[PDB]
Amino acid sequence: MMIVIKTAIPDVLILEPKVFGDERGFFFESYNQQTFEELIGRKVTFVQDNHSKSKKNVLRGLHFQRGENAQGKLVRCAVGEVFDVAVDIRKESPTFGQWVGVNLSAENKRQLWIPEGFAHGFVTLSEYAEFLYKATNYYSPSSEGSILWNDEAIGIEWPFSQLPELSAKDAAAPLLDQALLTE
């Protein structure tokens, strides 16, 4: 079964499959369309599944897509562990600029549902981590959007002390205010 836990930000949900641990190994339903729509309360279609691998300390993110390319993301960690983050970037939201951080691992099986209107990011905590994520809309480069990981306005408390290994693109990400200029 799956336990659904709300986070400090209402629309962001943690899903936790409680799994067997049998003799052959285990087996669980990681996603179920009818169930998920009933949980969220509205129709939701995932059109794209992605799978990525990263080394310890690689931080990916604070990504989002604008307007009609806005993507809802249901993510989890197939291998290792990451510290996942969701930032509410809806200017009209009571929780705008607020963030939620959750540890997702192959062991705990947690998932994080991040609706459209949020930016996402995560850091690899284990030697390597394999991240899976489903999206409500296709990734389209022309729509990309990013926010610097250590932006003070948001003030995420990242579990690490070292500087994260960032991609050239994420290291050059603008601060919250700039980032949302035309949004």
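Sequential numbering from 1, following the sequence displayed.
- Averaged over CA atoms, B-factors in the entry run higher in 139-147 than in the other of 139-147 and 27-35.
- In this entry, 91-99 shows the higher mean Cα temperature factor of the pair 77-85 and 91-99.
- Ranked within its chain, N50 lands in the lowest third, by CA B factor from the PDB record.
- Sort the chain's modelled residues by C-alpha temperature factor and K56 lands in the highest third, per the entry.
- Sort the modelled residues of the chain by CA B factor and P115 lands in the lowest third.
- Among all modelled residues in its chain, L132 ranks in the lowest third by Cα B-factor.
- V19: CA B factor in the highest third of modelled residues in this chain (values from the PDB entry).
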